[PDB]
Structure formats: C-alpha cells, structure tokens
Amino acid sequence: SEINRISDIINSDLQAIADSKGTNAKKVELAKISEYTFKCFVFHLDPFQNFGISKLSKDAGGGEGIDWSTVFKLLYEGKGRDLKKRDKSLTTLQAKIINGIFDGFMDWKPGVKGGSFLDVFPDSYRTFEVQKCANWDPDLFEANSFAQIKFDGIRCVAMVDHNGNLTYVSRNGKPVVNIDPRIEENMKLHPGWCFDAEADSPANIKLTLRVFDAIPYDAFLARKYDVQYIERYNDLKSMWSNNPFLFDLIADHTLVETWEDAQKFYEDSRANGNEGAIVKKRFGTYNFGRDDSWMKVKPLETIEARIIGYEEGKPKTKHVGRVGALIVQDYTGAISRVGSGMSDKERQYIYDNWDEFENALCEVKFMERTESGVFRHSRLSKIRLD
C-alpha cells in the first residue's frame, strides 16, 4: 500500500509552501509540488467541481487507508457522501488532507489560491471571467462617458457558438434557466456572438433580458477584444436593427459630459425606482476584469446602532479568539449582523473589553434595508462615537 508515501509527500508540499514567506517565494515552492499535491489543489480550486459535503465525520479516519486513486475517483464524481461513509477506513493523515481539499487546507494555511495557482500552472482548470465595475469616483471619470440604469436581477451571459447553439450562463459560468424562449430563438440567428445582459422579471414567470454588451464568441473565449465601448454599442444596434424584438432588448444609455451629469442621472434613476447607475467610458474596452471602464453608483445609508452581541471567529480562522461579527440593533428594532469594517486590532479590543461595547452606540453603513427590515451589505464605519 503506497498510501502513506503519497500522504507524506502531500503533507510535505503543503508545509513547504506555508513556511515560504512572500508571494514570490510561495510560487517557486508551488512549482515543485508533486502530481498528488497538484491534484488536491485542483480539487479545491476548480469552480466547476462539487463534492456534496464540506467535511468528513468527526470520527476522522484512524488507520487502514484507501487507495488514493479511489479517493480521487470519488471526489471527481462528486461522491463526497459515499467517501464520508467510508471515512474511518482512511488514515488520519488522509482524512486531514481530504478535509483540507474542502476547506482550503486551513490546517496548513499555505497561502496560495486560484491567483497564485493559475500563474504557476496555467490552464489547470476552467474559469469564467466577465467585466466588473469599480466603485464610483469622480476623480476617475472620463469625459463624455455614458450613463446606464443599474438593472435589478442577475447577471447573465448568452453565448451563441458557431453552430448557432446557445447557452445562458451566470456571472460565474453556471447555467441560468427559465429565459423567455423567443430570446433564444432570435439569438440563434447570430452565431459566434456573446451577449452580456441582466435577467429579471418583465414586471414561474419566464425572465427577460436587458442586453448591454456584445462580444464575438472567439474573442470572448480568448479574453481579448480591443473595440471601444461606443463602437461596441453601435455595432450591437446595427446587427439587431432588422430584428425589432431583439432591438428592444438593448439597454439605453445617456451621454454624460461631466461627472455632475453622471450624478444627476443617478438621482433621476433613483427617483424612477431603480437601484442606481453604471458609468461607462466611451473609450473603454471589455477587459474581462474589474477596472474603472465601468463604475457603479449605488446608495449608501449611515445609521447609529447599538451593539447587543458578538460572535467569535469561526473555527481555524484568523479571527479565533476575537470578534468575527457584531450583532447590532437600530431604532426600528431590526437586528442585523456586521461582519466587516473593523481592523484586526479593533476585533481584539472589543473581544477583551466587552464592557466598553455591550450596549454602546456605533456607526454602521449599509446599502439599504431588505424586505425583512435588516441591513443589506452592512459594514462598520465607527466603533465608537464622539
């Protein structure tokens, strides 16, 4: 049984990367990993893999051992539940490595994830990247940009390959279902194109799309396309001009000469009941990442709340022994959890001097209230007040 030789090289590789300090030194050690350590990293990082479980039983393993090929086979097929039923026939080191596949090797903390792994080992697994927006900042505004409604719903990319076959995928490449069938029927007439849109109810009932970008299928897969925004927009309008059904799906935009015009558009959009606005530079290219070619304008409320509780950092995290999240209440009676906005030192102070905070007032920033009345996207702005 070659099991214990493989569990040792895996445990040795993870410890070697964790002991390396700095990003550069961690990547040169990542290049030296074995076949088996490579496979476990792929199993944890692959965004299109699932296992059905997040941890084995606390019965752990305890001697014996299972063939590493059998383990990798069970993980690849998504049979995590079957693996857990046989978990005590694993060795303890095996169960520690497998639990590390699920939670990210927290026992070792090597400090390398998808960014470092794909840099050292390109194309080890498939990823999905779309254009994302940076935060609104007038200092970065480019003159004569275009303002657009930030539509409600979910991000949805529609890709029509060269055979005319279409798939709807989400922001992270997962399938999207129940789109109006007229939409697929008409888009199949434009093979070799990907359309960036938002899916939402026209108001179960089938969703419709608001399309705001279009990229050729090959350029989309290559993650490279140098046509600027306004030309990309006009190209979409012309290729759909003869199809009125598709043409009406195109989202409108408004020229904003100055950043104060963009702010005015955002306020008009808020007055009409929309979430906010997106500002798009007329010279910006689709970059398949996050940059200021797109910038989002979203509301942000500020309120004073009373700390009424706390929760320690979850097991094996860097926040063990200090505050992971605060429990706050405001004047409406709503109770919301705040998990970010505090420095590491502030998390430790509150944990120790809990008398200073048990019912004191703090300042919380959030986007809006949910339908239940609690905060959406809450964050702490001030631990104490002056």
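Quick note: we count residues from 1 along the sequence shown, nothing fancier.
The modelled chain breaks between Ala203 and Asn204, where 10 or more residues of the deposited sequence lack coordinates.
Relative to its counterpart among 145-153 and 76-84, 76-84 has the higher mean temperature factor, C-alpha atoms as listed in the PDB entry. Stretch comparison (211-219 versus 298-306) by mean CA B-factor in the PDB entry places 298-306 on top. The entry lists C-alpha B-factors for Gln228, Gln131, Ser269, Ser241, and the highest of these is at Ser241. Looking only at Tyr286, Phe247, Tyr125, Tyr168, the residue with the top Cα B factor in the deposited structure is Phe247. When the CA B factors of the chain's modelled residues are split into thirds, the value for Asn234 lands in the lowest one. Among the modelled residues of its chain, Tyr351 has a C-alpha B-factor that falls in the highest third, as given in the PDB entry. Sort the chain's modelled residues by C-alpha temperature factor and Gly63 lands in the highest third, per the entry. Annotation for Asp46: C-alpha temperature factor in the lowest third relative to the rest of the modelled chain, per the entry. Placement of the Cα temperature factor of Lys314 within the chain: middle third of the modelled residues, per the deposited record.
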